[PDB]
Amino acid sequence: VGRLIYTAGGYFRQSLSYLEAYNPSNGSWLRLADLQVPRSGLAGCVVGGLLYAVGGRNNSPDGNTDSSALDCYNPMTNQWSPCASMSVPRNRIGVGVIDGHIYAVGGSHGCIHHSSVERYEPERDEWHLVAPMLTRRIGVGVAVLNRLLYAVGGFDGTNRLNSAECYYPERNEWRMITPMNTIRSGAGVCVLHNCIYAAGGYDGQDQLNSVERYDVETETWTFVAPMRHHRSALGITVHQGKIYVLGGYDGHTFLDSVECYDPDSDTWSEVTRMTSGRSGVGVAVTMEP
C-alpha cells in the first residue's frame, strides 16, 4: 500500500520541470518539488525507494541542451539531489534496473545516435560503460524481466526500427530477439507477467495506438487490445498488475490522457487526466511523499 505513479519532466512548448504523482487508490494528483533543470526525453526509475531522473534534454526558447544528468528524488524529504553524471548526454533515452543497478541505454546527443550503454551503482555513486547494443537506438524502449534487459525499437539515424535485443548481464553481451510486428520509435515499453509490452510509438508515418507483447519463453510478439489514443513519446509504468500510459503526442495534441490496461480482460480504460498535456515524461512508482 501507499505507492504512487510519479511523472517527471516532459514537454509542452518547452521542456518542463514538473514532478507530479498520481494515487490510483483515490484519483488524486500531487504537485511535488520541481526538477532542478527542465527536461523532456528522460526516463525515470526507482531503486531503494528513491526516484531517479535520467538523461533527456532541456528544449527551451534559448536552445537545446542534451542531458548527461542523473538526479535523485527522495519522497521522504520532497527534495532532488544530483548524482554522478553519465559518460555522455542521452536524450530520448531508455532505462532499466537490474538488481539495484540502473542501465542507461542508447539515446541521442545532437546528431549522434548512441549504441552505448552504461550502468550506475547507487552505493558507490558511479557509472561505468558496459557492452554497447548491436544497433544504435534513440527513442528506445527498455524494460527488465527475469534479470534480463530488453531494448525495443527506436530510430538508428536512418530508419525507425521494429528490431529488439536483449542484454545478458553475466555475459556482458547483447543478442537480437524476434522483431516486433510494427516499427515503433518513442513507444512505451514495460514488463507485465512474462511479457515485454510495447505500446504506441511512431512508425515513420503515424503515431500508433497498437500494443504488442513479447513472451520471453515463446519468443513471439502478439497484439493485445489497442489503446484508445494513438500516442508517441508516452510515459508508461506498471502498478498492481496493470499498465498505465501517460500523455504523449497523438499527431494533433500533447495528451493529458492516462489509460490503464487490465490484462485479465484485455481492455484499456481512461483512469485520470494529467494536470496538463505533455509528452516525453519519465515515469516510475514508489512510496508516497
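The numbering used is simple: start at 1 and walk along the sequence shown. In this text, rigid core is short for the largest set of C-alphas that superpose within 1.5 Å between two forms.
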227-235 against 58-66 - segment lying farther from this form in 8 other deposited structures of this protein (CA RMS, rigid core fit): 58-66
Between the two ranges 150-158 and 89-97, the one averaging a larger CA B factor in the entry: 150-158
Greater mean Cα temperature factor according to the PDB record, 130-138 or 72-80: 72-80
Deposited CA B-factor, highest of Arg175, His193, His113, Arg184: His193
Selection by C-alpha B-factor (highest) of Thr237, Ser67, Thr222, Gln36: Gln36
Third of the chain's Cα B-factor distribution that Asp206 belongs to, per the entry: highest
Position of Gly27 among the chain's modelled residues by C-alpha B-factor, lowest, middle or highest third: highest
Assigned third (lowest, middle, highest) for the C-alpha B factor of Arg57: lowest
Assigned third (lowest, middle, highest) for the C-alpha B factor of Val47: middle
Cα B factor band for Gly248 (lowest, middle or highest third within the chain): middle
